[PDB]
Amino acid sequence: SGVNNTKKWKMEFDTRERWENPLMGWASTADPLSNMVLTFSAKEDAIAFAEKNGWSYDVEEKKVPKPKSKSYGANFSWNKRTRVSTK
Amino acid sequence: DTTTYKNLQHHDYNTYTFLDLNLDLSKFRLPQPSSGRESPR
Amino acid sequence: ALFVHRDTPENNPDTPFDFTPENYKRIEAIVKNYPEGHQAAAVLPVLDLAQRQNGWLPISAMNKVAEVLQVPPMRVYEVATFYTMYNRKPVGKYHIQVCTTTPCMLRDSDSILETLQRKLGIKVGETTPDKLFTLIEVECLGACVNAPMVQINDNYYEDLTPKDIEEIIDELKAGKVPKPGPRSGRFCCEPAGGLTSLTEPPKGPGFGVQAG
Amino acid sequence: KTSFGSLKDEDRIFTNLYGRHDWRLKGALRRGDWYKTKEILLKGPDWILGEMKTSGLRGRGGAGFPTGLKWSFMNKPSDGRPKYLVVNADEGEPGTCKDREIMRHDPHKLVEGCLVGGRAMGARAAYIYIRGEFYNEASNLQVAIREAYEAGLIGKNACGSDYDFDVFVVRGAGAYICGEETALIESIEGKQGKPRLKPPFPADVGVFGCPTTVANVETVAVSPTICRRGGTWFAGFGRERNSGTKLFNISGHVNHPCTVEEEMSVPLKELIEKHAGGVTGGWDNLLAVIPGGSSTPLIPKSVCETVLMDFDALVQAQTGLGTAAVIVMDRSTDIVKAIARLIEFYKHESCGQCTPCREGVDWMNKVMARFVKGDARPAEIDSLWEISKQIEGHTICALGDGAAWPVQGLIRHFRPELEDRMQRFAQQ
Amino acid sequence: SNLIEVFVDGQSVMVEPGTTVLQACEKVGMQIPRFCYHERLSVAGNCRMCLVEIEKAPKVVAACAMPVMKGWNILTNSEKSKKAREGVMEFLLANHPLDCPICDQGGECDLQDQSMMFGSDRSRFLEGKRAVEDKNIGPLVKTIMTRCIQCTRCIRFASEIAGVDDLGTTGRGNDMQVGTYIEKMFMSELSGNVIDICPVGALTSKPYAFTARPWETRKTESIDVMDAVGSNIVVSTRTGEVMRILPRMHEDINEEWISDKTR
Ligand SMILES: Cc1cc2nc3c(=O)[nH]c(=O)nc-3n(C[C@H](O)[C@H](O)[C@H](O)COP(=O)(O)O)c2cc1C
Ligand code: SF4
Ligand code: SF4
Ligand code: SF4
Ligand code: FES
Ligand code: FES
């Protein structure tokens, strides 16, 4: 239920072919950008870094949860359907 | 008087006394409220 | 003890149980005891009534109560596990209880428990092979003054001693369900050493009345 | 206004607390009840709450809070819901027998006082929740209610009054936690006896989501004659802040254990000596006393000779009054065994929804058993004190407090006995 | 308007009535620890871990359930609240079983991380734990109930979101056992979401059973193709394979919930 792993804009790369190593079965690669992750306090910083280093980017906007009206008294209503049958 | 015990009727109560009396009392009691609803489902 | 159910041959969803035609009258009275909605309030009296018609609560009873009330059965299972006055396993004709909280542990309750063990030949939580008596150690029961006490099918025997429960048991075995109350010189909560609180007549109406 | 504990029978507000005259109507009517109830009701609701606030009547259940203030929390009109009155009779705390002894032997006081409380407040009806083990008492009460309905004191015209009332009797199923204000309400609603968080308060949303004010038996049973005799008269007895009569249950290690109505602020020693004649072996043989039932700490005999049976006094003595169920120990009984038994009880009677009383009560139970056997070391005593203080104000209901307070009372006044048992077990 | 000025460690914040302390502090950035409250389920203050002092009130309050009043300062990093959290963690971890390397919610446990931040580092518990009978729900949800913390975050889901009402609590005390009183296949189209709801690993998934661990996993944000709802999804890989599926959070679709097919 924690949200601190959010709050920082990251910049990943597209994934590429991994394959079974014929000896032991390890996962191999032919790209070095596989384990690549950067972090940016904001978004324009990330667009800037990408435009600067020559990468075509797709930006996924910030997803924030809707605020909500909680009430511990709605669980014990006379008329509503929030009257929970448990406790 | 004040010489003996006079809550004596409870020495001969059955199992269905409380419920028989609530039954006899349901006649006297008034209509009840209504939440405009049959259940919270 | 368990708080989980496993379908025995005896206890199962097809173990037979349906209320009698009069208990249904009592049930609809109980449902009139609460508003039109919130008819789920009658779970406690209706389950107690089923227990009172069969002695114990099979799963069949716990589900027929739900069917009658149109409550989910799980809520009934919750309610039956929580409250201890419900017998989720079969018991005898005389369900005996003994208080062992301090106001009655402190007036020789273990003595009564020992005498009630040896006189019956059982351990504490066991039931007799004739399925007549049982025994359990429970908490307070609201008669802490008359400290050494018991409860035998919704009646109290209080202020008692070993001889005055041996006599009780031998009176129960021959069918004479005896008179409840203090098995001593007392008849109620009053001090055994004569009256000390009030001995004059109580005053009539209109006494000490304020204007109005 | 000094050293007043003794009184006479004109003031005995529980004239038949021993079942010696009659419990039915014909016989109770002589003892001054149902007398001027129409005039009481039609006098006004605010007049009743004024009588209450002038009487200084604190809640004669466990938590003593001034009524009048409590009952005035739903004087406001109804915003589209009915109002209800729950009378509490789940007399489950150890030592407490007074509500039983009034339930039988004087139900009509309760009935008329409950009516008076409803009309002082607003209430379509009332729900007299009573313990499941009190079958015969509840049946006496149902018979009394039936006689009242028949005689015309309740129903479509409650003693006239232009006000209609009903009185229901809900029957519990054997759980001490269902004495709480909110576990009681949920049990009436048809669920487990699990308290609520408070807020919400029962006066805005309570039973069936409707306003309620929960009240104890005597708290209401003394209401109608208070209205009938004034708050000046009820407040004249007792100290200025905690006034009135008081039922006193006495248990354990005394020659004549008894229930008594007495004057509040009476000394504990006057109470024990006059009624329930001297403890076994006399005062010198006294070791410790619990003034409440079990949710109050111990007293060491150092402050038994110089202490008044009040809320304020026992609070000043790092203790508290509850339902005033005196319990006595007399040097011939292991005390740690008694408190371990009390904690075994508070473990059995926990509901379990909030973590502290779910686990820590079981901690303290196990540790106090280990202290009884002596299989511990004194570095755990302050650890268990810390466990108590963790449980205290971290709970939904005050059963964690009631579990933690006897522990503190024993650690504060009887620590060297724990030390001795530990060193004995260690040597052997 | 219908606003309220509230302070959080002094810092002011404007919130509506009907809110709580947890939401007020979230508007600042602080999230209060928690094991019972979810933000999509009915409130039940059963963990007592959301405890904060107010600057002059004598005791602490459930921040998940207490509505916030005009003119309040919420003290989150005060010694009273920290003492409360340490005690609550002591009690939670008292009877909890040493099954962290077994448990599949091993590097995903809120209990771990909350013991690591908001809890002590030592057990003063010298007594025997308990052990609870396990339940055979079905082929998906693997119940190991010797470790349930009795938070009721599952019964509320099953009653309010799945609309099932076949899950509850049996008994009381430590002996309270969550689940059914009987053998019943909790077999619904929203049943695998309890695996995400239960912060503890009291119930996990059987397909993912014992396979991987969260630090090993790379996570690619994809979508679903089973139904036409467009439920946003996280596909978790491990060395070029697919290990499990998880929901994403989008409030217009897949409100933290996904069907049992696509997971
Ligand atoms: C665990 C617990 C059990 C309680 N049991 C009772 C009880 O059995 N009878 C009672 O009158 N009050 C009991 N109380 C206190 C009630 O809250 C109180 O009686 C009620 O609020 C009415 O207060 P009053 O004295 O002002 O009428 C209990 C409280 C707790 C925390
Ligand atoms: S203190 Fe005990 S009885 Fe009270 S709510 Fe918490 S767990 Fe239940
Ligand atoms: S839920 Fe699993 S990982 Fe978390 S503390 Fe319990 S055993 Fe350890
Ligand atoms: S099974 Fe999980 S979600 Fe359900 S009560 Fe236990 S810890 Fe909470
Ligand atoms: S303590 Fe034994 S009856 Fe109350
Ligand atoms: S998060 Fe508030 S009590 Fe659980």
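We number chain D the way Swiss-Prot does; in order, the residues shown are 29-456.
Structure method, as recorded: electron microscopy, 3.0 Å.
Using N, Cα and C of the backbone, Cβ positions are placed for all residues, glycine too.
D:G87 (NADH binding site) is surrounded by 17 other CB atoms, counting those within 10 A of its CB over all protein chains shown. The DSSP secondary structure for D:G87 (NADH binding site) is coil. Under the heading NADH binding site, Swiss-Prot lists D:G87, D:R88, D:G89, D:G90, D:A91, D:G92, D:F93, D:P94, D:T95, D:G96.
Here Swiss-Prot flags D:199-247 as FMN binding site. Residue density at D:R199 (FMN binding site): 21 other Cβ atoms are found within 10 A of its Cβ, drawing on all protein chains shown.
Residues or ranges marked as [4Fe-4S] cluster binding site by Swiss-Prot on the basis of experimental evidence: D:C379, D:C382, D:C385, D:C425. Classification of D:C385 ([4Fe-4S] cluster binding site) by DSSP places it within a helix. In sequence order, D:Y374, D:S378, D:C379, D:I419, D:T423, D:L427, D:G428, D:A431 constitute the residues six or more apart from D:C385 ([4Fe-4S] cluster binding site) in its chain with CB-CB distances below 8 Å.
Per Swiss-Prot, the feature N6-acetyllysine maps to D:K81 (among others); the stated evidence is a large-scale study or a structure entry. The Cβ neighbour count for D:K81 (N6-acetyllysine), using a 10 Å radius and every protein chain shown, is 17.
Annotation source Swiss-Prot lists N6-succinyllysine at D:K81, citing a large-scale study or a structure entry. The secondary structure of D:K81 (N6-acetyllysine), as reduced to three states from DSSP, is helical.
In sequence order, the list of same-chain residues 6 or more apart from D:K104 (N6-acetyllysine) whose Cβ falls under 8 Å from its Cβ is empty. D:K104 (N6-acetyllysine) carries neither a helix nor a strand DSSP state and counts as coil. What Swiss-Prot lists as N6-acetyllysine is D:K104 (among others).
Marked as omega-N-methylarginine by Swiss-Prot on the basis of a large-scale study or a structure entry: D:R257. For the recorded site, D:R257 (omega-N-methylarginine), the DSSP three-state label reads helix. In sequence order, the list of same-chain residues 6 or more apart from D:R257 (omega-N-methylarginine) whose Cβ falls under 8 Å from its Cβ is empty.
Sequence annotations record features per position, and here Swiss-Prot assigns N6-acetyllysine to D:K375 (among others). Long-range Cβ contacts of D:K375 (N6-acetyllysine) within its own chain (separation 6+, distance under 8 Å): D:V389, D:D390, D:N393, D:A431.
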- Query: Which chain neighbours of the [4Fe-4S] cluster site, leaving out D:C379, D:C382, D:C385, D:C425, have a Cβ atom within 8 Å of the mean position of the site's Cβ atoms?
  - Reply: D:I205, D:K222, D:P223, D:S378, D:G380, D:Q381, D:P384, D:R386, D:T423, D:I424, D:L427, D:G428
- Other C-beta atoms that fall within 10 angstroms of the C-beta of D:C425 ([4Fe-4S] cluster binding site): 23
- Task: Would you kindly give the Cα-Cα distance separating D:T95 (NADH binding site) and D:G234 (FMN binding site), rounded to the nearest Å?
- Result: 18
- Message: Between D:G89, D:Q220, D:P227, which of the binding-site residues has its C-beta surrounded by the fewest other C-beta atoms within 10 Å?
- Response: D:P227
- Query: According to DSSP, does D:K375 (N6-acetyllysine) fall in a helix, a strand, or coil?
  - Reply: helix
- Message: Please identify, among the binding-site residues D:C206, D:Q220, D:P227, the one with the smallest Cα-Cα distance to D:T95 (NADH binding site).
- Response: D:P227
- Query: Chain B sits near which of the recorded positions D:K104, D:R199, D:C385, counting only a Cβ gap under 8 Å?
  - Reply: D:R199
- Enter the number of other CB atoms within 10 angstroms of the CB of D:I213 (FMN binding site). 27
- Item | Cβ-based proximity (under 8 Å) of the recorded positions D:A91, D:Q220, D:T241, D:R257 to chain C, or none | D:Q220, D:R257
